[PDB]
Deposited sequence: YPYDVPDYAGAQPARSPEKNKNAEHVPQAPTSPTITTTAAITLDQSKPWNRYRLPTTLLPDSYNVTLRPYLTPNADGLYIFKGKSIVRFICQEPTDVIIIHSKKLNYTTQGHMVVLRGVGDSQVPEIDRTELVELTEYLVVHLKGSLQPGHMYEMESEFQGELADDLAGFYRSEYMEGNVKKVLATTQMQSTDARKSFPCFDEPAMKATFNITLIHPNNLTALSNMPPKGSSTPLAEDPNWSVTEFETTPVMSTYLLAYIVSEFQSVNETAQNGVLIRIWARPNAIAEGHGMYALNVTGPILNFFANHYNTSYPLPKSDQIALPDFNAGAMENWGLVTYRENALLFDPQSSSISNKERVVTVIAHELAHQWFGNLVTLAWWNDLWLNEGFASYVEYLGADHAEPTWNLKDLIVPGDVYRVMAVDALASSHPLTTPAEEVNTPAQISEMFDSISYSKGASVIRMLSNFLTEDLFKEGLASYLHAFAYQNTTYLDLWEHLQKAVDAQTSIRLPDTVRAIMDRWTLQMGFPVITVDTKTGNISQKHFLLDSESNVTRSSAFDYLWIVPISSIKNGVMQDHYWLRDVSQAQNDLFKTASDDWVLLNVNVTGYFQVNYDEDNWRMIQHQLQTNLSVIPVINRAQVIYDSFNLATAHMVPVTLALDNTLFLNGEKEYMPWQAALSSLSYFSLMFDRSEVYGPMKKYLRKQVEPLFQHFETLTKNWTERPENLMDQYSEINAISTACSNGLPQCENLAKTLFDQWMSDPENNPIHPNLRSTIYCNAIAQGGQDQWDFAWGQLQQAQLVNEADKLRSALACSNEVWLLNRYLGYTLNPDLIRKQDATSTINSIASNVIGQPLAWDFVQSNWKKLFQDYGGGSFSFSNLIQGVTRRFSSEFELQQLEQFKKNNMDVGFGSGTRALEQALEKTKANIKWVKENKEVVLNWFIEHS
């Protein structure tokens, strides 16, 4: 560990200035069936401190000494002793016979070769059909640490430089990169069948934002209001069919919106958006060349759903948000990832709302992010938004940082921050921040300084403490408080929300798990004065003290990142209001009441009957979010109980509650022919239909059967509205047999819209026949049938089926080596797989099997799913206790109310 090349962080002795990179992809296999790329690069770097070793990143590259070292101007150049590759720390190491001089620059040259693999990382290959022709293209994904997989570089985000990219490609293919082309392409001297395309120099930026693509893709375009050229690229067929039109509608105006909102121009002449058939995450914010999954950019007005449409605008908005938060201004290191991802996850709502103002999509942050992340942030094995820099060291640890904490808690905490500052004041602070650190890097402390500057120049908004004092507690310690109110005395208290008394908190907090909390409140339907709970375990205020015929609720619209519990009497008054006139309570807080009480019940802080009682009013609820809250909450109940005697009465209860909503949606939609007008009501319909069919409501089963029967009789004319397809497809396959399954499989393999393929993949997992589900699992590891990008999500879908649960858990264990080698170093997929197949575990036996699984595979380890496994273990232990203590009361409650 005393040798620098055996440590995961680079030395500070050398800093890069600029790169020349030329890459040449071969889109046809050689004799060994390998797709390869060849490359050559020159990096210019400066020596800051004397050193006799050059340490630079290199991953899965073969060198054809491995480097040539030259000097810039004055520099005296030491001889190369030897060069070696250190694979563990992913280094190319150049041992010298003498030291480099400080203040002096050097240029290092290399020639290399790597595989154009189907692994979705570095420079990789993507494939599709066009008619009967197999097409292969070359594309990139550098984040987090795979730029090193395409050329040797100082591969850390803060070490910014300019890049001069050249692509050598077949003369009838299009070459794309971050910047526009520099002049025209020229024929490759040795062979005019190839062309050479040089691109303009990049801005000072991070290695992980580099991109370059060689394909036959086509585009549509428009110049945006701020003069920036927007293009939408995709497979020729998708463009011809008009599937890029929607992205073109929204991209430019959203880019222009952010520039104005943050008073900071986008400094590139273009922003390309491109849809790839093979892609790991949802998208990637490469500066000037934003890459996308097809289901995140393309859109078919006749075949895509309102949900698909919403995904497209928010992912685009998210990626464009990064152009400021990530690209222009970049985290100093991955331990501060939320500076990138937290902001993009919040700012995406702002951008998307600008493009689709009628949706009220800003409200979707509460189910989508706030309560999404609280499930994990309640664990002792969570982590704070900003982790200690030394905890984030290996590539696996970096990958795992891309989680619901960095994204969703980051967005939630930032919304709370915006809300008590006002967005007007917030964006002034952010503008100051962006201008000051443009083309550089930041930490969380830099953010506070510019927000504080804004608050101090300003007299209308007042705070109980400095921005840092308040925000350090939401940022540097994990978790969140439960705020408890005694409405008889107005006593208000706070404590760290934890699942168990068993929960063993070992991460020490310098802030003693106390927060400064912004508390809004509403009494008898009328807004009260704002209040700030200081960093103390308890306080008192008459705002929270009620008369016996009054009621209060705190955290209006759940702007604050916390949950609320009341005394039993105030809960009863809330319940009575929801029966008498639920309109008096804001719709989001109707959801809150369900979310919080179930979550409290999960942690045995309130009786379970409280949570269940809070769903009784849903009988007469039409609106999206309170129903969403109940479905999300009872989803945990299903996972715990859908293999027990509780399941029968639970479904009976759900049938009873949802039937009136189903009937409501049967009439207003005119027998399902006319969709509801606005987004929320369309979402409401989708959930009602899903719930009705999921819980066996006969009217829904017959609807699904009839529609799917009709489709099979006329395959070219799909009679099912896109909004309804996921439920109709699933229920019909569940009701049906092999005829339905094989039909849908045929539709899947010929699908020409990814949205539709996505729905088919999920519905196929709904079979009630073991042999079909197991045969399906077998397909997931066959790239001809299921793309690698979709393998884990399909496995998770099958595991969600109660009959598929043991099949998938067995499958995952038996195929672990392949699954780990393919995904175990990546973000999202691997972690989601582990969380997915272990969600149900609620017995000592299941826990022992998880522990045995862990022991069996310890030597290799669990890579970017290491924290996921720990959380999986903690949550199963908690589930064991909760099921044991809750089963009897829950069973009886369902029986009595159904």
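Coordinate coverage of the deposited sequence breaks at 1-44, 109-111, these segments carrying no C-alpha atoms.
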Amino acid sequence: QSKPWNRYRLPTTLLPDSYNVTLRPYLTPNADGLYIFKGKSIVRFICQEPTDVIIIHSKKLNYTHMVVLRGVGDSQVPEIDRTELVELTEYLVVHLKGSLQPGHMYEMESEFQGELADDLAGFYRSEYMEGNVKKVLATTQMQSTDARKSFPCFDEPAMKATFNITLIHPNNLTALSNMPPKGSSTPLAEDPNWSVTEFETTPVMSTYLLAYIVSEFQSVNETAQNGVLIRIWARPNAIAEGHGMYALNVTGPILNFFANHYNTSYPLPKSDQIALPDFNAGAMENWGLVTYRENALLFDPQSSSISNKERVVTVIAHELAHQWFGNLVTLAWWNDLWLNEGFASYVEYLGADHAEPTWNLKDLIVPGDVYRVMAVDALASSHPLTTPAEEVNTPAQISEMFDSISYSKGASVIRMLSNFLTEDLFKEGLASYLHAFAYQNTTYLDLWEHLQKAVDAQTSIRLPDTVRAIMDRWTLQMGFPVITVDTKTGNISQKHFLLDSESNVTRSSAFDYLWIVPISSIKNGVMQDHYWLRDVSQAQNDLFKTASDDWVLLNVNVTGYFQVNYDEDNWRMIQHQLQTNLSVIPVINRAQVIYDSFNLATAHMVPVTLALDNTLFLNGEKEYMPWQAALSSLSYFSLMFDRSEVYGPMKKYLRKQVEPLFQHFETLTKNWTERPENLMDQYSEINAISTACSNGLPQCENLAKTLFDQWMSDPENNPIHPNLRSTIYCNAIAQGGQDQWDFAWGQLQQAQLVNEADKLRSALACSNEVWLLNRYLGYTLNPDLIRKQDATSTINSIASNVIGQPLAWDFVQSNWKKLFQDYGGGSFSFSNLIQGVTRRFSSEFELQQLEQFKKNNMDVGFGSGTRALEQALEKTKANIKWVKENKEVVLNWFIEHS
From here on, numbers count along this sequence of modelled residues.
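The mean Cα B-factor in the deposited entry runs higher for 672-680 than for the other of 672-680 and 245-253. Between 620-628 and 126-134, it is 126-134 that carries the larger average Cα temperature factor according to the deposited entry.
If you compare the C-alpha temperature factors of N782, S265, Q477, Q575 in the entry, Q575 comes out highest. Per the PDB entry, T28 shows the highest C-alpha temperature factor of the residues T866, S842, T28, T838.
In this PDB entry, the Cα temperature factor of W5 sits in the top third of its chain's modelled residues, the highest group. Sort the chain's modelled residues by C-alpha temperature factor and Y407 lands in the lowest third, per the entry. Among the modelled residues of the chain, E851 sits in the middle third by CA temperature factor in this PDB entry. Looking at the C-alpha B-factors along this chain, the one for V43 belongs to the middle third. Annotation for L514: CA B-factor lies in the middle third of the chain's modelled residues.
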